[PDB]
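The chain below stands alone, shown as structure tokens; this is the form deposited in one PDB entry.
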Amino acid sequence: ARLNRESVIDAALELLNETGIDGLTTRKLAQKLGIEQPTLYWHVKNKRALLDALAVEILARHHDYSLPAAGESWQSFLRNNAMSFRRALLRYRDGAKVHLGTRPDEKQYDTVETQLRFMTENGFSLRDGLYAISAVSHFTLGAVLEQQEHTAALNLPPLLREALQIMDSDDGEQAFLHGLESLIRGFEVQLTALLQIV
């Protein structure tokens, strides 16, 4: 196998799709590349080093709306960005468990700094723009995770019966797209009121 960073991430996403994250061992990655474990360890010191790099890499390969277009509102950027993120995260089995607990990589600094400067520049203070970006990030994570884990880890009172039917009727994209509009409108109400009691 060729063994630079790029060929290791590829084999490691490929493997994450067959085994998920808890089956993603440096031993199955060595066996997948057809090499021996001291070879692998020359390159990949460990699983955290690896999970972190994969976190960076799924976004960089599949998360396109990371930057606001010229003339775009903060509400359209937060919508277009969340959807794009939900979808980078669903491209790979356990894509959202991989992201959990990370923090921006140095390779992403210019992108996420632009994002926080665009919010201040639209009237958010740093703390509130930060909180808006986090609630969007945390709601897309918990939504994709409840979807990915339910698919995989496979007498009703009348309403629960009907709700389960609705829940299951699609991938959870409708429930997501609708909670995203409520999140975005609640932030508008906050932004606009500020010192007026609301």
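Heads up, when I say rigid core I mean the largest set of C-alphas that superpose within 1.5 Å between the two forms. Residue indices: 1-based, along the sequence shown.
Just so you know, the form deposited in another entry exists too; it's not on screen, but the next bit is about it.
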I want to check residue 80: does it shift between this form and the one not shown by 2 Å or more at the Cα, with the core superposed?
no
If we fit on the core, is the Cα of residue 126 displaced 2 Å or more between this form and the one not shown?
yes
Once the core is aligned, does residue 174 move its Cα by at least 2 Å between this form and the one not shown?
no
